[PDB]
Each structure stands twice: as C-alpha cells, then as structure tokens.
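A.B. asks: Show me how the following folds:
(4 chains, ligands or ions: 8)
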Amino acid sequence: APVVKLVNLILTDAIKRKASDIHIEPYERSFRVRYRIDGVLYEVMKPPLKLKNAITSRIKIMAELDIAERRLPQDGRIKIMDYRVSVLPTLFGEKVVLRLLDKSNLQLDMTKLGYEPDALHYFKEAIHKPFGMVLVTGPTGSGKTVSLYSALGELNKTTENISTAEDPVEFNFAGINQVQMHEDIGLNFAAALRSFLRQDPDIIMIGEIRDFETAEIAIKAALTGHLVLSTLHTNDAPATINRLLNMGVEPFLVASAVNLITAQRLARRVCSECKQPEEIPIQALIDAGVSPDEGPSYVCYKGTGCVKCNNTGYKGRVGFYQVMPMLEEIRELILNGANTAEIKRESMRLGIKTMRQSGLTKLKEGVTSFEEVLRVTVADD
Amino acid sequence: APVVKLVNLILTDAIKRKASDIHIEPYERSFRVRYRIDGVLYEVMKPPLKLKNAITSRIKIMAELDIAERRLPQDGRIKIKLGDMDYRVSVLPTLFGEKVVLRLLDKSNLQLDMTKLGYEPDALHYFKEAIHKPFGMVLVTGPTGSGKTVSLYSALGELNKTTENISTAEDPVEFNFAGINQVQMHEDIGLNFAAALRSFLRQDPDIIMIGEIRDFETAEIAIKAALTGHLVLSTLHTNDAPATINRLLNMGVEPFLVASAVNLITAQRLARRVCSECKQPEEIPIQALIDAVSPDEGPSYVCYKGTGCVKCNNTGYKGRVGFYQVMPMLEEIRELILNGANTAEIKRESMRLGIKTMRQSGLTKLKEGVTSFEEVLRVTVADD
Amino acid sequence: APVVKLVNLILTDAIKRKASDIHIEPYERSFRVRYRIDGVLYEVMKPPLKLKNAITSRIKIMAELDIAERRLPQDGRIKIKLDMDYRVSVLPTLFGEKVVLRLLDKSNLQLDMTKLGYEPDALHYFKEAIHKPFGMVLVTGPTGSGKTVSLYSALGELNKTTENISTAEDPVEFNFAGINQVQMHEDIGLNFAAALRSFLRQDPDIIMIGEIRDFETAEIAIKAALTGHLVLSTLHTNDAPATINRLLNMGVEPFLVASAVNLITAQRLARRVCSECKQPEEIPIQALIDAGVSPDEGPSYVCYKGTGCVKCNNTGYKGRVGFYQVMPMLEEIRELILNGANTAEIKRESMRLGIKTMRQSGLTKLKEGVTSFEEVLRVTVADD
Amino acid sequence: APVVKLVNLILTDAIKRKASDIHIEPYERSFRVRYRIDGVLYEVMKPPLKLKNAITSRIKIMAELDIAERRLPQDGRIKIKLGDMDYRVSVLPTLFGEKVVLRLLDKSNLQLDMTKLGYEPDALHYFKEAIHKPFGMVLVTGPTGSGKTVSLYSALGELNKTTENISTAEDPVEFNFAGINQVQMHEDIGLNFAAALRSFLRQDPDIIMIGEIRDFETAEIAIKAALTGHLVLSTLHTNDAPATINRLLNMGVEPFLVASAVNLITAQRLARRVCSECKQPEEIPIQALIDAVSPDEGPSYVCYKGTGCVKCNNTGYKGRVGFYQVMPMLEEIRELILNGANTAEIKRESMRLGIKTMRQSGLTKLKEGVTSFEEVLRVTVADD
Ligand SMILES: Nc1ncnc2c1ncn2[C@@H]1O[C@H](COP(=O)(O)OP(=O)(O)O)[C@@H](O)[C@H]1O
Ligand SMILES: Nc1ncnc2c1ncn2[C@@H]1O[C@H](COP(=O)(O)OP(=O)(O)O)[C@@H](O)[C@H]1O
Ligand SMILES: [Mg+2]
Ligand SMILES: [Mg+2]
Ligand SMILES: [Zn+2]
Ligand SMILES: [Zn+2]
Ligand SMILES: [Zn+2]
Ligand SMILES: [Zn+2]
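C.D. replies: Numbers count the residues shown, from 1 in each chain, chains lettered A, B, ... in the order given. Ligands and ions are numbered 1, 2, ... in the order given. Structure as follows:
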C-alpha cells in the first residue's frame, strides 16, 4: 500500500522541519498531523480519515508493538533518527505521538546555550567544586537536560567516575554510565542513589528529586565529598531553597551542602533574515523592565516572517538563565528563616540577574522579541 | 434470550413515547414497568415475574454495575445506539426485588458560553485568569449534577487552540469536542485515571484534563503533572474550597505539594431560579435576612418568590442559576497550608482576603432577584 | 572457561598495581576496566564484550550473590587466595552491569601517626586530645581523605586490657582483636543513635561513632563527652573551624560546643612525588607568594614535578600523603564561641594562634619535596 | 552442662571480687571476660571460644531476652540467689559475636524519705496534695534510671496505711514493702499489666500501682480504674508533662478520658550534683545565663563547678539531684484537651499558670549551688 510512503513522509518532513514532536490525532470528523516547532504546535497535514487505522498500525510495526489491541495505551521506541513512540486510545481512533531525540544536534557547548558571560562563569565555577550540589530548575522542556548534559559533557575524563540515574535516559554517552530506572520493580531515585555511594563515584547525576527520601540521600551525597547534579520543578530559582525546607530538609544542610541553583526557561529566537525594529513605548518597557538608564539604547525587533521562518517570524530558541550560586549572605538568610521575597531581594541586590532581567537583556541584544519576554518569563515584583 | 430484545423494546418504546422517566420496580404480587409522560406516570408493562431477576440483572450489566452486591444501591449511566442515546440508571434494593430507574439525559441545548454561566464578575476574573498559566492545577468541586463538567468545558472551550495539545480523560465524555483529545475509560479493560495520566505525560501535553481524582494513585501523578510545567483540570465532590484542601491532605498528599501545585479551587452548586413571569416580591424580616448579609444593605433587599403558571408546572421556579465560590491560591493561603492548617482557619483567611463564599454569592443573586431565600437556604450552609 | 583466569587477572593485577578501586563498566560500544590509583582513575583494560555477561556473572558467584536478577543492584564481600578480601557493588547500567570492587587491605593498615604526614607539632596536639579522660576529638574531611585511617590508628594507639572501647561503624572496614566492633545495619532498626544508646549502657571508657549526621546523634554524643568518656567521631565540613559552626547550626548550644570538645582536626590527601624520577620545577616567586606563601623564604623554595618513569607507570606520582590542620581549643577560641563569633572570626583567631591551615600544612610538605606544587594547589583551598 | 556452672562461676567470682562491672565480649581472635574493680578494668578469663555462643545465649535466657533476634541490642535484668542478688544486663550485637555486659544494682541505701528527694517546695505541695484523692491517676515520666520508681515509692510509703488496700504490679519489684501487695509479672506465663489490672478491680483495691503503661490494652483499663473511684500510679518514658498527654492521645485514648482521669503528670530527670568540697565559683556571662532565666535576677547567679578530688575520682561532681516538673491538671488545662490541644500550647498554658518547668527547676538548683550550668544544659531542653 502507499501508506508506507506516507508514514515515512511524516517522519521525514518532521526532521526537515526541525520539529521536536510529531502528533497524529484522529478525530470524529477530522484527521490531522501536527508538528511542534520551537515549542509551539502547527498543523502540517490532513491525511485522509479512511487510512487512520493503516497509518497508525504501521508505526506500531516499526516500534515492534502489538497492533491487535486498540483499547489501551502502548509505548516504545523507533530507530531509523530515533523516536520515542506513545500511543493513546482516543474515542475516534488511536493518537500517536513521536518525540524525536536528536543525537547530532545536541549542543554540548555552554557558550552556545545563550548563557550570559557572568552567569556562565558562576555555573562553570560551581560545577568544578568537588563536594557540592548543582540544581537545574524549570518546567518540562525548559532545557534542563540539555544544560545538564553539557555540564556532564564539560567534565568527563578518564580520571573520574561519573554515574547517572535518569528517568528516562535521553541520550547515550560513551564514558558515562547511565542507569534507567522504572519504579514498578522497585528502582527509585533514592535506591539508585544509595547504590551509587557504594560504587566510589566522583560525579553523580539524578534527574529530579520529588521525595524527601531521595532529597536526604542526595544532600548527604553532597556532604560526603561528591558533586551531585539534579533538578527541581519550581516557580523561580529562590523558591527551590524554601521548597527544600518544606521537603523537611534542615536549613543548615540546604545552606551548607548545595553550591548552586539555576532557573531557566526557553523563548523563541527572532529570525535573522526578517527582523525589523518595532517601536515599543519606553514606558511599557520600564513598567516591567529596567528603569530608563537603558531606555534610549533599546532597539526591539520582530520578524515579519519569510520562507526561512515558515512565516512564523521566529527561527530557533534561546535560553533565559538565572544562575544563583550560594552566597555567604544567602546561607545566612536560609539559616535565619528568611522568606522567598527577601531571598530574591538580596540576590538581585548582590548582582545576580533574574529571568525576566536576563531575558530583557537578550531583547536589547536583538536575540528575542518583547512579546516572547512577556509570554515566557513571569513578572517580577 | 428473548428478554434481551424485550429489555431493549421497553427503552425503544419509551423513546417513541414522550416519557422522560422509566421504572421497572419489582413486587411480589405483580410487576410494574412504568413510564412518566409530561410528569404524569403510567403503568405500561406487566412482564414475566420469572424473568424479573433475569431482566433486572441484565440492565445492571449494561451500566457497568457490579451484580455481586444486590443488597446496596448502585448508580451509573449507559449509552444506546441511535441515529446517539444516553441514560442514567439508579438501582435500589427492594425487599422483594431490585428496582431500576432510568432517567433520560439530554446532552444538547447546553452550550459553552462562559459569560452566561453566571460566574460573578470578580469570580470570573479569578477563574479565567487562573485557567491560563503554564504552571498550575485547577479543581472544580460540587455534588453530581452541579454542572461541574459544563463549567470545565467552558474553560476548555476558551483554552482550546490550534497551538496547544489539550487532552481529556473522562468516564463518560459528556460532550464531544472537535480538536480536543478525548479518552473514555472503562476500568474492566484497565483504562484508568492513573493509567491515562501516565499515558498523557509521554505525549507532550500542554493541558491535561481528568474528570475527578478519587484516590491517591491518580492524585499523585496528577499533581506531578501540574509541577511538570502543565495545566491540570479536575473535579472533586466536597463541601467547599477549603474542604477540598483537607481531603487532599487526608489522601496523603504532602502539605507543600498541595500549596505548590493547585492554583485554584472553585466550588459551585446549581439552584432553581425563580420564574420570570411568576416572581412577586415577598417581604421577609430584614433581621433574619440580615442574619444570613450586611446589616447596612439589609433594608434594600427585596427577594422574589414565584407562585406558579403553565410554564413552570406550578413549581414556582424556572431555570438553574449556580452559586459560585472561587478561591485562587494566595500567598497568604499558601503560607497557611505550610505552617499547618485547619479547614475553618482556611475559610476565615480566604473570606477576609476578599474571596466571596457560596452564601454571599447566593445572596447577591437574591438581591438581584434571580433566586429566593428558600432556595439559598436549601443549597448553602451558613458561613456565620 | 578463560573467564575464571581473566577475572582473577583483573583482581591480581589490581593488587600488584596498588589500586584503591576496581571498576568493570560495560558500554554500548566499548568495554572497559578501570583502576583507581592514588585517588586518580586510570583505565588498565579493554576486555571483549562477548565475555561481558560472563565476566559480571562469575563475580556474582564469587560474592555469593544472586545471578537471577540482572535488573537490580547487588552488594557483598569476597575473600580469595593467591589472601585478599574486598567488597563488591553491582549496578544495572543500561548496556550491562557495572561492578565496582573497593579494596580493603587486611595487613596494610598504617597504624603509625608520624607515617601519615602529621606535622610534628600537630601530632603532639592530636595525641594530647586522644589521651585525655573526657571529651571529644573530631577529625573532618571528605570521603577518601583518610579519616578512617586516622581513627583506626588512634584506637590502635591507645588500646589496653584495662579499658572497654566501643565503636559504631557503617561499615566496619577492619576487624581488630581487643576492640569490640559492631557493624551497623539501619534497615533492621539499628541507627547511630540506637547503637550509641546501647554504648552508654555497656559502661565504656572510650566510644567511637563513625559520623554524626544529625542532632539526635549529636546530642547523645555530646552528653557522653560530658559524662567522662572520650568520644571519637567525624563531621563533613570544609575545614576545622567550620566544624564548630556546623555543630551550632545543628542546634547544639554554644556552651556545650566549647566545654565538651577537646580538639578538632581536618585533613585531606594529595598525591606523592616519585622516589626516582622527581625533579625540580620552576614556580615564579610572585605567583607562589600571592597564594602559596607569605613573602619570606619564598625564594628558597624547591618545587618538584615528576617526569614519570617505569616505577610510576609514567604518572609522575607514587602514593599520597595527608595535609592536616589539628586545632585544640585555647581559651581565646572558647571565649569567642561563648560570645557568638562567626566562622571568619574563629578562623582569624585559630590562624592567629599556633594552628596551621591546610594550605600551610601542604606548603611545608612542598618544601620537603614530598608533594608537588600542582597537588598543593589542586586539593586544599586558599585561605585568603 | 559444665558451661552453666562456669557461667555462674564468673558471676560468683565477680561477687568475691570488688568489681562493679563484668564484660563477656566476644572476639574472633580471642575471648575477653573482664571485671572492673575500683573503676579500673582487668581481663579475668580466656574461656572456650567453642562455648562462646553457647554461654552468651545462656545468659540471655536468664534475662528473659529473646534469643530469636541476635542482630539487635537487648536490655534487661536478672536476680541471683544469695544469703538476694540482682544484675542489669546489656546485650549488643558484635560483628564476631554478641557482647553481654552485667552491671551490679545496689537496691539498698536508697530510702523513701520524701523531704530529701529534692522536690521544690511548691512542687512537693502539688505532688503530695495530688497523691491523696479518692479519684484520680498520677503519672511520673522520665528516662530509665531517673529515679521514677524511688519517687513513686516515696508517695507510696506516705500513702501506705493499715486502713486501705494498696497493691502494686511491677516487673521486677525494685524494693520489698511490708503490707503492700506486690505482684511481679513475667509475660511468659501470661502475667501482664492488663491482666494484673483486671485482677485488681475484683479485689476491692483502694490504691492501684502499676509500673508503666506501654500500650492501649493496659491504658484503657488503667484509666477505667481511675474513674472507678480508685487511685492510679504509673510511669511513662516521655519528654515532658505535656508530651505525656500527646502520647496518651496517640495511644487512642479519648480526649475527655485523659482530662477526666489523670489529675497529675510529673516529669523528672537525675543530674550529677557538684562536689561539696571541690565546688568553686565559676563566672559565666550573665547574658548567656540570662538567655536560659529572669534578666532581673541574672546578676545574682553564681554557679559552682567542681574540679576533682579523691572522693569524686576527679569527676567534678558527687551525688544526684533531680530536676522536677510537676503538672497538676488545672481546669484551664482541662478545657484545652477537650477543645483540642497541641503539645506546645499545653506547655504554654501550664507555664503561664505558674507551673514551673524542668529548666527553671534546674536553674533554681543552679542558683542555690547544687548543680552547674554544664549539667543543666545536658539534661534539660531549652524552654525558650
Ligand atoms: N540554548 C538553547 N539553544 C537552542 N536550543 C535549545 C537551547 N536550550 C534548549 N533548547 C532546545 O529545547 C529542548 C529542551 O528540552 P529538554 O532540555 O530535553 O527538556 P527538559 O530539560 O525538561 O528535559 C531541546 O530539544 C533543545 O533542542
Ligand atoms: N596518610 C595516608 N597515607 C597513605 N594512605 C592514606 C593516608 N590517608 C588515607 N590513605 C588511603 O585512604 C584510604 C582510606 O580512606 P578512609 O580513611 O576510608 O577515608 P574516609 O575516612 O573519608 O572514609 C586507604 O586505602 C589509604 O590507602
Ligand atoms: Mg528531562
Ligand atoms: Mg569512613
Ligand atoms: Zn523570516
Ligand atoms: Zn411560574
Ligand atoms: Zn616516576
Ligand atoms: Zn571533688
């Protein structure tokens, strides 16, 4: 059947389009294909609804998945480019999602990630301190894994033992030993982490801590003399500090044993070809933004769209990073029971920028637009 | 199995008939199969008493009801093929038998428009401003038949866009939406709320919707979906917005987990609204009206009570106007769950912050003349 | 099968090579064996991936460990004869099981204090602390810094038929006749606190606890100190002065921190230059003066770097030595504790007194030609 | 069974010897049986290593210890026939064995006089006035070896009269009283705290005494005995007087049941008292002393610390002075358990009512010069 040609075309054009996700959704009256491009969905196709069972069925064949059951979700992988395949039992048919993991495009360069020079310096200084904790925070898809893999990429050596427990493992690294864990058999982050301490590790990587049990082991791994990398899901960088205390972690451990906390979120890049100045009133800029020391200097760009953009006005993505090293003063505020507003107050006062401030500086450089700054970052104060 | 074709024959006859209501209830002396047309009920069938147990058990199979317990009431719903059909079944143990009542459900004529749902303007501001975040979870609480599903569809219809992946899991789906991913689950095959969530997280959802969380297994990974960077919509049956926090804590969810995850709790209940034509002013002692209310605005209240007409069938009301309590989660409320909390003290905090509770909502609808004091006192507990 | 010979070869070459740790790690493409030698990892092997499942599998047999599960971590001990015994940790890596073997050398325990690189002046203080009838002496540093070597040597230093000495370790890394050693297991309900509570009921003279992780053990241990017992323990901190502040941050009141502790030491390890190939390296005096040394005698310094040789397998370094700061408490430091001084102030006075920093211990060791300049800069942190 | 006659031979030799302390502890290389005479310890025996497990297990049979767990510490006591003898046993798991320590118990020289026990005059008023009612229950809380049994004997010796039936159940009986009915229970035969109470209620007791209530089964019928019209005396191991109420509520006892039944909770702990001859004034910053104390009376404190002599064996203390917190149950406290309660809020209420807590008690004994700041900080948590 021609159906073979179509399934490959959907996967081939998704790679051509640099989409990070593929969606095949049947509906009652409709059938649609969506590509997610720079975190945003666009519908690239309308294949005929007669074929809905044929198009999905072969993708399960490629995944070595059972075609016989349409009533239940199924999961798997496909290597061709390689994709994580997720199947779901919608009322009107099965919806298939293919989420690509691109091995070659992973940057693995920190200067290339949009880190500001000062922020990069704190992060680099933080990761090479032995016996410390690095927390990378943000929502899903904010670049935590990309940032963290670059950190693991920056230090890898024959001289050190690096051990990682991830759920799932996003990419295979030579030289770094990765554990994939699934809870149904009893492997949790804590159990894998306790196993790590008996292996004589140097560097320890754990994807996230949702639990006090895992949190306590990981903070104990920091004080033992190993560098431990992890993530947390939070509204801002400071709030991870107060959330650790809410996890039940004693203040002295939070202050003493963790070197750094970062927060990052992702905004789309303005197109290099189509960008043109937009005139945004300085008072809208100042109302959330910098006071008008910089106001005359700001030039804000937006793309009109072109063939390069597929008429979106945006091509690519850039990080907005807030990097908070743990200051002696931050340690004192933790030890004193300080609240979140005061912790951010001193952090800004002491010269480490916020996410809105870092994003807003990227706007002055012309990398991102103003509408993206307001869409992504949360208003400060 | 002629009783099977005859069991369906009763429902099809009730389709041809105008009756909205059907009753099979068994007796030892006789067997009553009844239809209610235009509110009056009539006996239809005197079918076999030997197949009475067989038929009643069969209709229980249609509803996903457990036959293993005949001693306790069981409620549910069914779908029938038509060119669609849906019924809601209510089963009660009888001394001589098991009664089964089927009440029609009309899924049409109910729209999504969020302006007409009756949210108070300040309340709609909180609900609408809460339902757009990249981060959060929303909970709509009330009894079955409170219009919770309609309120969430209104939020969904406003949230639905071609730029996002919005998926829903409910059992059944009340309405069919074009473009929203809907998974209807029946637990016999192993489709479950929890299983639906674990399937959602691998699909890259922008927005997850699941109808209610009845337990921890669903609540744990639902809250995890909220902290992941997604938006979560659900319902619970509880007394209030703060009562929702208490039940969440009793399920075993950690206190920081609740205060971090959900940015909204909104409870509502439907109440009969007085007739347009039959409403007449009814004087009430203002002190009693005051007792429920602000004494300053007390004398300005005139509450209307309907008498009856051919439109309302002498009920003295017409439609349904809901009373809403919407509780965004404030930093103040956030600090109270984390420093330790009590249902009453959370009620006090939200109520001093300017968040209006159900009773005061029904009162404003009382002053406006939409409802009556009788109905407000029925559907709402006294705050003080 | 050759697997037997190959496994023994991996282990026997580890003993000849004086490695601290053995790693057999499978990957997707390559396969590797690593030895840790003098705190630094070097890969000595590339066995074929066909034997990878066999190589791990036989080691499990040697450990009396279950072959049936390849999906879970396993731990155990192995004793073999040429006799050597060391532990095993197995982990389920994506492409296979990685096995780590960490050598515990039975007859190689140092047992001598001067042999560890203690400063002549520092050693007197350490001995003075451990021979007092009451109070606690704390030795701090990261993992692998030799705290266990120092503590076992201290218990070795004073042991007598006249005293009952009791130690709680997790795990015990060596068995000594005359000292009664219990290996602690937390899963069975035995913690440091629970083990310590029994110790106070056993009528000890001197008590050893591996580390204090929290207040619960800290309070019990400090109360044992004031009882008339000498208690040996460790804490994880950056240096000796900060250990005082770590106790206070745990919630111990200042008066007990001053009164109940005799001394605090911190120590770390730097690699030792080759006996054969060592040669002078030229370090500019201004770079060394700004950090390494105050601007007196700096011109005289002779800095070494090894060229590498067959003795070192061209690493330039053979063996390692400790850098020690040993700080008994003078009344002036005790007075600052009682006055609420911060860490810098205690560090200022600790430095102002006879007490040498960790950099100072390394820099004196560099002048003797024992260690290089790169090692002194790599391990200890600059004091100001 | 020659090891049995030899096991007793060790204890009898320790009787002929002056040693207060015996240690069997096993080793793999050797076997150490040690006695401690005049505080110095000496190795006595090098008995068979083959019977080491046999002997150690046998001494565990003497103590009512469970042999089924060798992996965890077990503590207890034994009696020996002499013309009486009693020992307290402490068992600890060892890597190579199980250590057993026996420490002598001298039951003589401790009298009942209630004036010399050291209850503060206002505290003794509450305790003595509480221990006579026809209705109530008394609870004396503290750690093992706090003199709880001695305090209750003092109350008993004052309560004992020929006009009343006073019965006691404890395991073992510390002292033998003439005229008091004493039942010593060992749970193997089925004598139990609960069984002893059900036997008491049928005997028409005026006063019931039972040593501690470890569970609900005893607590339920103990409280019932208090409401019956009788007087109940017991102990618990807890942190404080209010902490006792919290544990009682956690056992499942209803809140009205606690507030109705117990009219007293008194916690105490023994602390070393400074030497008479060796006490010298030791100046302490009054602000720190103040921090623990009333700032008005702060400058008037002079606290004494002992140095050493031949009498105290250079310990710097001599005797034991207990710190007492006695908490009669006030109507104010009564209303707080019934309206809902918190450990901290009960502490606040009793402390504003004029009831003095442990810390302030130790401070008055500090100002009087009986004890020292070091000891007070060891045995008492800071109230504020
Ligand atoms: N600085 C950057 N420049 C370009 N692309 C980026 C940058 N940071 C992140 N991305 C893109 O965003 C995605 C981040 O996803 P990922 O980090 O895996 O999510 P998570 O961190 O939640 O696991 C990646 O696919 C990557 O291509
Ligand atoms: N002064 C020293 N000289 C030689 N080797 C040492 C010295 N200190 C530590 N080591 C090495 O360190 C290892 C033990 O480290 P350990 O004392 O267990 O550190 P930790 O107390 O952090 O666990 C031993 O194998 C020993 O070879
Ligand atoms: Mg990830
Ligand atoms: Mg150790
Ligand atoms: Zn363009
Ligand atoms: Zn009407
Ligand atoms: Zn060499
Ligand atoms: Zn003395």
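A.B. asks: Those residues of chain A touching ligand 5, which are they?
C.D. replies: Contact residues, chain A versus ligand 5 (Cβ under 5 Å from the ion): A:271, A:273-274, A:303, A:306, A:308-309. The way it works is simple: take the backbone N, C-alpha and C, and place the C-beta from them, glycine included.
A.B. asks: Just name the closest of those to chain B, please.
C.D. replies: Set against chain B, the nearest of those by Cβ to the nearest Cβ is residue A:309 (15.6 Å).
A.B. asks: OK, contacts around the closest residue in space to the closest one that isn't next to it in sequence?
C.D. replies: Leaving aside its sequence neighbours, residue A:309 sits nearest to residue A:271 (Cβ to Cβ, 6 or more residues apart in numbering or on different chains; 4.9 Å). Counting by Cβ atoms under 8 Å, 6 or more residues apart in numbering or on different chains, residue A:271 touches A:303, A:305-306, A:308-309, A:313-315.
A.B. asks: Nearest spatial neighbour of residue A:319, chain-adjacent residues omitted?
C.D. replies: residue A:114 (4.4 Å).
A.B. asks: Contacts only, for the one you found.
C.D. replies: Contacts of residue A:114 by Cβ under 8 Å, 6+ apart are A:318-321, A:362, A:367.
A.B. asks: which pair in those residues spans the largest distance?
C.D. replies: Largest separation among the contacts of residue A:114 by Cβ to Cβ: A:321 and A:367, giving 12.7 Å.
A.B. asks: domain ranges for chain A?
C.D. replies: Domain assignment of chain A by curated CATH domains yields the ranges A:1-100, A:101-381.
A.B. asks: Including secondary structure and neighbour count, could the contacts of residue A:114 go into CSV?
C.D. replies: Formatted as CSV, these follow (DSSP: H, G, I helix; E, B strand; the rest coil; neighbours: other Cβ atoms under 10 Å in any protein chain shown):
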residue, secondary structure, neighbour count
A:318, strand, 19
A:319, strand, 23
A:320, strand, 29
A:321, strand, 27
A:362, helix, 23
A:367, coil, 19
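A.B. asks: For ligand 5, state which of those is nearest.
C.D. replies: Each of the contacts of residue A:114 was checked against ligand 5 using Cβ to the ion; the closest is residue A:367, at 14.5 Å.
A.B. asks: buried sites along the longest helix seen in chain A?
C.D. replies: Ranked by residue count under DSSP state H, the longest helix found in chain A is helix A:3-16. Using 16 or more other Cβ atoms under 10 Å in any protein chain shown as the test for burial, helix A:3-16 gives A:6-7, A:10-11, A:14.
A.B. asks: Likewise for stretch A:308-325?
C.D. replies: Buried residues in stretch A:308-325, counting neighbours by 16+ other Cβ under 10 Å, are found at A:309, A:312-315, A:317-325.
A.B. asks: Out of those residues, the closest to residue A:56 would be?
C.D. replies: Closest to residue A:56 out of the buried residues of stretch A:308-325 is residue A:312 (28.3 Å), distances taken as Cβ to Cβ.
A.B. asks: State the next helix or strand along the chain beyond the helix or strand where residue A:193 lies.
C.D. replies: Mapping residue A:193 onto the secondary structure by DSSP states H and E places it in helix A:189-197. Next in sequence after helix A:189-197, counting helices and strands by DSSP H and E, comes strand A:203-206.
A.B. asks: by contact count, what packs against that following strand?
C.D. replies: Other helices and strands packing on strand A:203-206, by 3 or more Cβ pairs under 8 Å, 6 or more residues apart in numbering or on different chains; DSSP states H and E, are helix A:144-154, strand A:162-166, helix A:189-197, helix A:212-223, strand A:227-232.
A.B. asks: how about a cut-off of 7 Å?
C.D. replies: Under the contact definition 3 or more Cβ pairs under 7 Å, 6 or more residues apart in numbering or on different chains; DSSP states H and E, strand A:203-206 sits against strand A:162-166, helix A:189-197, strand A:227-232.
A.B. asks: how many other residues sit next to the closest residue in space to residue A:127 that isn't next to it in sequence?
C.D. replies: Once flanking residues are discounted, residue A:127 sits nearest to residue A:151: 5.3 Å by Cβ to Cβ, 6+ apart. Residues within reach of residue A:151, counting by other Cβ atoms under 10 Å in any protein chain shown, total 22.
A.B. asks: isn't residue A:82 right up against residue A:101?
C.D. replies: Yes - at 6.0 Å, residue A:82 counts as touching residue A:101 under the criterion of Cβ atoms under 7 Å.
A.B. asks: okay, those two: which has more neighbours?
C.D. replies: Higher neighbour count among residue A:82 and residue A:101: residue A:101, with 18 against 12, using other Cβ under 10 Å.
A.B. asks: for the more buried one, phi and psi?
C.D. replies: Recorded main-chain torsions at residue A:101 are phi -110, psi 110, according to degrees, to the nearest 10.
A.B. asks: ok, now the one 4 residues further on?
C.D. replies: Residue A:105 has phi and psi values of phi -80, psi -10 when expressed as degrees, to the nearest 10.
A.B. asks: ok, now how distant is it from residue A:14?
C.D. replies: 13 Å (Cβ to Cβ, to the nearest Å).
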